[PDB]
Amino acid sequence: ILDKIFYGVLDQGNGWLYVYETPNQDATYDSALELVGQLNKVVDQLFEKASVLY
Amino acid sequence: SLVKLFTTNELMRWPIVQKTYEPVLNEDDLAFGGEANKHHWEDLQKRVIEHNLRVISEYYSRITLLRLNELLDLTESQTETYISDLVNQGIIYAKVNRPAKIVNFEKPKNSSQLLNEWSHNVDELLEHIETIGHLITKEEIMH
Amino acid sequence: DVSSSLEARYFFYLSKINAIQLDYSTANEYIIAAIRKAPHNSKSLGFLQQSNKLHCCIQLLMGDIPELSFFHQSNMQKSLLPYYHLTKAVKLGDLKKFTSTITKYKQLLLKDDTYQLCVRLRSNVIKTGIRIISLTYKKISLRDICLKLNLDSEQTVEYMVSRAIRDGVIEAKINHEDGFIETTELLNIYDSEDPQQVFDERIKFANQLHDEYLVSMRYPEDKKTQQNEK
Amino acid sequence: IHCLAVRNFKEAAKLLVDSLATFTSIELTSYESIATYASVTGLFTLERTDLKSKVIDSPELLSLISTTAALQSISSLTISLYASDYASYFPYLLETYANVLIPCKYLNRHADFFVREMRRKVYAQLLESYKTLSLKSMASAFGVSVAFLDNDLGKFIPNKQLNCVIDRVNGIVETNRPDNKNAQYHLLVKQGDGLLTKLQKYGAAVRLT
Amino acid sequence: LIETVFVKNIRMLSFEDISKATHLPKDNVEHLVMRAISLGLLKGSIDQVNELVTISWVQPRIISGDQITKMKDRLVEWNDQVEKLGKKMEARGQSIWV
Amino acid sequence: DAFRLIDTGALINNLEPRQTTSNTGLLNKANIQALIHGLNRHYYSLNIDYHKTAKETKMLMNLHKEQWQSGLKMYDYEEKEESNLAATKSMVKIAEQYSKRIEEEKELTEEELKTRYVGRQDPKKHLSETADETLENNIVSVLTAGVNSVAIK
Amino acid sequence: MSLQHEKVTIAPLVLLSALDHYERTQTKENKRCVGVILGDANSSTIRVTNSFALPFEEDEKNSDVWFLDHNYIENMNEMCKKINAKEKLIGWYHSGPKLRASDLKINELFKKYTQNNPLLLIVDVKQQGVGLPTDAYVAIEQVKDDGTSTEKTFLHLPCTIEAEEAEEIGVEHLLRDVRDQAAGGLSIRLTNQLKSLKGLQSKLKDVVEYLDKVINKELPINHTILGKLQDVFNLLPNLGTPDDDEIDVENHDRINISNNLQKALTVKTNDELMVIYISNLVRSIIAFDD
């Protein structure tokens, strides 16, 4: 399970084994993470241009 | 009538079938009679028990493991082993729960699949009403 | 037409009055406004110290607990020394640490007339202490809280939580026939409708910065193009 | 060794694995010291999957085998984490403090930091693969007692940096770590709150002057 | 069985509701549903563990004065949902219809 | 185009100016060199205008029925996810091209900056373009969605 | 005679050709112009390219008496091939305003010409409708399950367009409107949404009074409409399903991309804020010097 090579969780509160094949994550939503990162990149250099004005 | 049982999905259990074809086809050869071909009568009961599972997969999305034992006329131990073999062949997918509250026949749907169905349903309503609307006018004229 | 010093001052004043009225959420927004207008200079140094004193105080009043980094990145450490001892105290849950801080530095706090605001923090140790214990154990006996925070009977501790969840600080509820406290958080709010509400707000926040961009961009442009310099 | 002296161990880790492939014995401390530092940092940054592939795609580390007291202790500790048996982990956690962090010039500043961070990491991996644990089975797992464990946990869970809760009535450890899309949302909003903030200040500032 | 699902707004019946109406044991109530779908009179999926039958198809059947009115009502109700919304949207974004 | 031959005697007499009486100026050719050889020495062309009715304008315009089925139909979301996916990957690349330009941008003459520190193909404008064209795609998706929730429900 | 029929696609030329033909015969003022209609047929979608007028007289006291020049048509078809040798007879247009019960007798005569069941294409000459201002019908003879004999009756086929490269560009060439009934910008599609919502409202209302009229205006039980009405109810949405919950989780997703795309715009506009200010900074010096 640490390998994440089938999926599933090991349950010792009852002593069962859950096996899953369920959808997990979201690709479209994943790429949003980089896009905020890219917008945060651009403004650092914007603000170097804006300290020539103050 | 022998092939009809299996070319449709129907409610059947092995002792309705057993009763009918024993006095008939033990007097015929090949797949019956003998002491080696009643291990093939053994094999038929497995297939009937398997066929019940195929029907129940299609119709029931979830049924209780307990009820299911009644249908197949088997104990809870035996009912499980047969679900496995049918998943092994790759005809349906299922997941059994060992402490007996559900066995689920389905392979759970991807998120995108769910959403596809709900869009299709809406589109079809719009098509019908559209055509109906043009046909009301006709009905005033034909009356 | 106001200068940006005037605007810095205006927001800082609000934060004072609001904090006194037991608004800690509006006070927090405005004190950050006041600081970002102000320069970094030693010209502005004393304006910033009083502002930072109030800024730490608001966060302990909420249950938010300032950063340790914030004192270390500034060279404002020695001025802010009494709020640094309060920060560590509320976080850990230690009343004994807290009581030491307010006796050690009483005189300084009372000079800035922020001592009044500081005594309300004896409450937030206790309430922050119960939120840490509800995080750490899903279900937890009443007696175990009494040992940890150095409080009285379990009946007393029951009363603290009943009041504390009226604001929603603990976000648990008490079973008095089952004898534990069971918290209500088990996240997965992305399966609820909550993010919908959130994204809307950020979008409108962006729209507002667009508008301010429009009026301001052209008004000084307009003065120059009219003015003869040809 | 400079990243090692500061708290940037993501950078140090990349450098100190490269020092195995090429070392230079002019003006620079011993090959056994450079091997020890690589192990220390590798455990810090990398969890099982990444860590196992690092010391299996590192043949140079292996030829050196443990030939000094500092090197044992860290090298044995490596095995126990990525093998998913932390039975030996807890006694070895002491030994590595004793024989690596205190004697070294570049880890004595981090002596206390290291043991704080690592105590989280080892527990997390067990909690990841287990939807539920018993405090007793988990206590046996490390080689610790039940009550001792709760204390260490009671530090990590409020900063909410380990994501677990402990039923002390039932005795079980539930794991409320989201392994779904809720996790991705928890990343995103704190970045976007900051995005909003960064533009509010830079924009407002240029209009005024 | 086909009649009940059709006339209700909802497309699910408890098995307890089937038990009363066809006057059958709970064993045969489940079998009645199976048989109906095999016949292709109703389509859907069966929960034995929420004890629902959830329908997605009804086979077209007779029209009668009775049934004519039952479908009419459902359209008025759904007409109200459409009508009042379009007014919400008209009042909103008034400046932009170009 | 439509043409009309000019009489034999007239071309010789140079009654080309005669042909430019009763217009106010709308001349514009769509060809020369084959067109212009016949035009001087044989014929004088006429302009063509087009005539319609207001009924025809609707017929010409409607090549769809999706003007009362466009608030109850739309695309499936799998394609929208393809388009939105592609859009974000692109905006990251364009943001790098745009950061590179604004390393400077204080040296006189916009055009020279765009060559040297690549700002060619205007990545500034390019990023804006992708933001506008995807921002409109989503507003449609919503307008079909909300019409369905409230009309039906 | 083929029964091969599903749809009717209509050249824009037909609609317009029939509009003028009506007024140039001068059978108007509740007097019909009926002409032949030309195109491809023997395929599911009936493809209508062209139309011509036919000499026609309409007794207006009795629409069941008319004049049709049968000879002429044979003459005309020879000329249709010159134009295009895929034009053959496929029906006759009616000039609206809608279907009539005198149309079946006219349809009869048009069976000596067509290799497909004569089309009735109602070209509305007033331009009413919420789609294309055409209805299409075809006459089909079918038994009725109610207990009465075999009738010939007009079943509707949908109206649609498709067009040749030459025709489609000509359409735009003539036209000059930017069109609020097709897509375009954001505002243009906002007009389409409001209309579509109101289009459902207008049409659903029509079904309410049609069910009532069968039992309170004594229209007959028409099984063909009501079977489709029942399949609307089977495919109709529900509530409280995990299907309907997945919709909410997808609302979150797409709006977040829009949220970030909006925020992305704002970065860009704040740089133009800053560039103009660099333009302002230069203009200060020039002002001092003069």
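Summary of conventions: residues on each chain are numbered from 1 in written sequence order, possibly unlike the entry numbering, and any residue without coordinates is omitted from what is shown. For naming, the first written chain is A and the first written ligand is 1, with later ones following in the order written. Bear in mind that the chains are drawn from a larger assembly and that all values refer to what is shown. Only hydrogens and water are removed before side-chain values are computed, so all heavy atoms of the structure are retained for them.

The record lists cryo-EM as the method behind this PDB entry and 6.1 Å as its resolution.

Draft legend 1. Quick look at the overall build of chain B. A helix here means a DSSP run of H or I that spans at least four residues, while a strand means a run of E at least two residues long, and both kinds are numbered starting from the N terminus. If you tally the helices and strands in chain B, you get five helices and three strands. Taken from the N to the C terminus, the helices and strands of chain B come in the order α-α-β-α-α-β-β-α. Between the two quantities, the radius of gyration covers C-alpha atoms and the globule rule is 2.2 Å times the number of residues to the power 0.38. Expected size for 143 residues packed as a compact globule is a radius of gyration near 15 Å; at 23 Å, chain B overshoots this value by more than 25%. Expressed along its principal axes, the backbone C-alpha trace of chain B runs to roughly 75 × 45 × 25 Å. Relative to its 143 residues, chain B shows a buried fraction of 36%. Considering only intrachain contacts with a sequence separation of at least 6, the fraction spanning at least 24 residues in chain B is 51%. Whether a residue is buried, partly exposed or exposed follows from its accessible area with a 1.4 Å probe, protein chains only, as a fraction of its type maximum: under 20%, in between, or over 50%, in that order. Between two residues, a contact is recorded if the distance between any of their heavy atoms is within 4.5 Å.

Draft legend 2. How the structure looks around the sheet that holds strand β2 (residues 16-18) of chain A. If DSSP finds at least two bridges between two strands, the strands pair. What the five strands build is an open sheet, ordered β2(A)-β1(A)-β1(D)-β3(D)-β2(D); its pairing is mixed. Single-partner strands in this sheet number two, and they are β2 of chain A together with β2 (165-166) of chain D. Of the strand pairs in this sheet, strand β1 (residues 9-11) of chain A and β2 of chain A are connected by three bridges, and their pairing is antiparallel. Looking across to β2 of chain A, one finds that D11 of chain A is bridged to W16 of chain A. In the packing of helix α8 (residues 111-129) of chain D onto the sheet, contacts are made with β1 of chain A together with β1 (130-134) and β3 (172-174) of chain D, and the angle to β1 of chain D comes to roughly 110 degrees. Between N-to-C directions, angles span 0 to 180 degrees; the directions come from axes that are lines fitted to C-alpha atoms, helices contributing only their stretch in contact.

Draft legend 3. Focus on helix α4 (residues 77-101) of chain F. Between the first and last residue of a helix there are one fewer steps than residues, each counted as 1.5 Å, and that sum is the expected span. For α4 of chain F, with 25 residues, the first-to-last C-alpha span of 36 Å sits near the 36 Å given by 1.5 Å per residue. For α4 of chain F, the set of buried residues is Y77, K80, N84, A87, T88, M91, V92, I94, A95, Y98, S99 and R101 of chain F. Residues of α4 of chain F that are buried make contact with α1 (27-49) of chain A, α5 (111-142) of chain B, α5 (110-116) and α6 (123-152) of chain F together with α7 (242-289) of chain G.

Draft legend 4. Broad picture of the interface of chain F and chain G. Between chain F and chain G, the contact holds 45 residues from the first and 44 residues from the second. Summed over both partners, the accessible area lost on bringing two parts together, with a 1.4 Å probe, is the buried area. With both chains or domains summed, chain F and chain G bury close to 4600 Å², and 66% of this area falls on carbon and sulfur atoms. A pairing counts as a salt bridge when a side-chain nitrogen of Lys or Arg comes within 4 Å of a carboxyl oxygen of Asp or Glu. Across the chain F-chain G interface, the total number found is zero salt bridges. In protein, a polar contact requires one atom able to donate a hydrogen and another able to accept it; more generally it is a pair of N or O atoms within 3.5 Å, and residues adjacent in sequence count only if both atoms are side-chain atoms. Counting the contacts that link chain F with chain G gives 16 residue pairs in polar contact. Of the residues forming the side of chain F that touches chain G, the biggest block, 15 residues, is contributed by α6 of chain F.

Draft legend 5. Spatial organisation of the environment of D112 of chain C. All names here are of chain C. With respect to the helices and strands, the residue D112 is situated in the loop between α7 (106-111) and α8 (115-119). For the pair formed by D112 and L60, sequence separation is 52 residues and the distance between their alpha carbons is 17 Å. Discounting residues that sit within four places of it in the chain, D112 has contacts with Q50 and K53.

Draft legend 6. Structural detail: the side chain of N163 of chain D. Tracing the backbone through its elements, the reader meets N163 of chain D in the loop between α10 (146-159) and β2. Those residues in contact with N163 of chain D that sit more than four places away from it in its chain are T175, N176 and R177 of chain D.

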